[PDB]
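First, one chain by itself in structure tokens, the form deposited in one PDB entry.
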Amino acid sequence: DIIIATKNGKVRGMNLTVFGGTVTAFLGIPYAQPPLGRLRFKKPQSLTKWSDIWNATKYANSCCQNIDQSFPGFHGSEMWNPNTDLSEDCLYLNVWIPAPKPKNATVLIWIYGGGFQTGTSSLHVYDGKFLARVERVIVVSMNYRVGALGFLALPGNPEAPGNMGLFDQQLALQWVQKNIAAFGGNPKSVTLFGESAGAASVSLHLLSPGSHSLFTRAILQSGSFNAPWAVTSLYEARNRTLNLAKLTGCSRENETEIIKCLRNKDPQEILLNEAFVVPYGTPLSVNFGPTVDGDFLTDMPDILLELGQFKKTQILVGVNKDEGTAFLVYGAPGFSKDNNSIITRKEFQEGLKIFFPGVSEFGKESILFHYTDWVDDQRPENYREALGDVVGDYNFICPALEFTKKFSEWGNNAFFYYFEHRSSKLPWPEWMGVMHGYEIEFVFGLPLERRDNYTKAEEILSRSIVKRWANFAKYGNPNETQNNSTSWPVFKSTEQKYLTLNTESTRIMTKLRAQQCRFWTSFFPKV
């Protein structure tokens, strides 16, 4: 038996067998008053004590959210769908502790992605038990509100001030600060790591004064706040709050009345109209996302980055080789997970109109000009590959590199990775390559299960990544020192060295996508 006394009450965990060892799991501890009723759309409120023993022996409810039903019964999509009951009562977190109980263990706090509209901490690929057993770190992860329930913005008005889900994350970080020592954790050695919107969230915690003292270091997997999809403008946040009001018959005068009207709509009705507040959408469409609210975010984040207004600490940042491909089968004409998706020049151009909705004719022509002058003009995959390269560079690689340049220019050590291994078990077709999201299982050490049909090379890659992430969290330096590994140099603004992650050949390279990112970060934002 294992029972820990926390500031708000006692909680009991459960023992798990992992790799001939033991991990102690506390699944579904609450960290806020459930955001129900008059608390919907507001910032999370503190938790009042409890006298009993909270039973933290199963994952809690996922937050209300729309589900991806584009491929029913397909594991490639459905492995990301919520695996616990949806509910507005979803502000819970999980804690994996090594066994026996550590003394001063470094803490890894996971923030899931999902475009700020979906996601849950209970996904199988976020299972922290492997990291706790292998590296003896504590792993925490939390559920935070998503979609309009998490990011509906009327800027200023405290009934719907925006960024509520970010404040959910922040309140969970406070909980670790006040309670993780009871579990054998070091509140002074806390590393946040996160993928996609989770990584963007981590990047925003770096910017947010209220988060400065809640963590030590930061890891950003395939995401950062300067990604095109990551921050809703206050203009469109307003148009979107108003549009959602009209679709639900909640249009009012007194802006607060709109909120009270939405506070009596059913979660499902809010959810089903969320989709329509933008004209057309893709998973890169982030209808309700982070906003400049004057509270969590005191100014436009691009300005805070430019001017060094952020927490000074080490960062680990990276991207996958084919970030873009996954999104093409959610709208790009002529793509499918079930053919090899040879598209034509005209399908390519149609694809641009979907991924760059309000961009001028000339904007789209400059994209095609830069990406469609080939070596062999006859290679049938030309346009298929270029559209994936366009989406990934624009949405992921160039923002990640831009964030890492600007962040490192203020003196801090930064390490950049380029994840190049396609999972042997990957259920999506070969043409999508090293997909967005499919480094996560290697980070969480799933391939360390020999029982699980991962190749032996994948076990080694995971073992190394896990050691580098842990050493980064413990020591600020993502090196694997024993097994004679390539040393991971710091990313500096002149040489821009980065580390490739693969089963074959761990190489040091420089100036990832130099040509393409000059297009995207220098020229394109003017159009």
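Heads up, when I say rigid core I mean the largest set of C-alphas that superpose within 1.5 Å between the two forms. In this text, residue numbers run from 1 along the sequence as written. Shifts are known only where both forms have a C-alpha.
What comes next is about the form deposited in another entry, which does not appear here.
| Considering only 266, 338, 376, 430, which residue exhibits a C-alpha shift of no less than 2 Å between this form and the one not shown, with the rigid core used for superposition? | Flagged residue: 376.
| said: After core superposition, I'd like to know whether residue 114 moves between this form and the one not shown (criterion: C-alpha shift of 2 angstroms or more). | reply: No; residue 114 is a residue whose C-alpha shifts by less than 2 Å between this form and the one not shown when the cores are overlaid.
| request: Would you say whether residue 282 is displaced between this form and the one not shown, judging by a C-alpha shift of 2 Å or more on the superposed rigid core? | output: Yes, its C-alpha moves 2 Å or more.
| With a C-alpha distance change of 3 Å or more, do residue 283 and residue 350 lie closer or farther in the other form? | Relative to this form, closer in the other form.
| said: Residue runs between this form and the one not shown with every C-alpha shifted 2 Å or more, at least 3 long, rigid core fitted, in sequence order please. | reply: After superposition, residues 279-283, 375-378 shift as runs.
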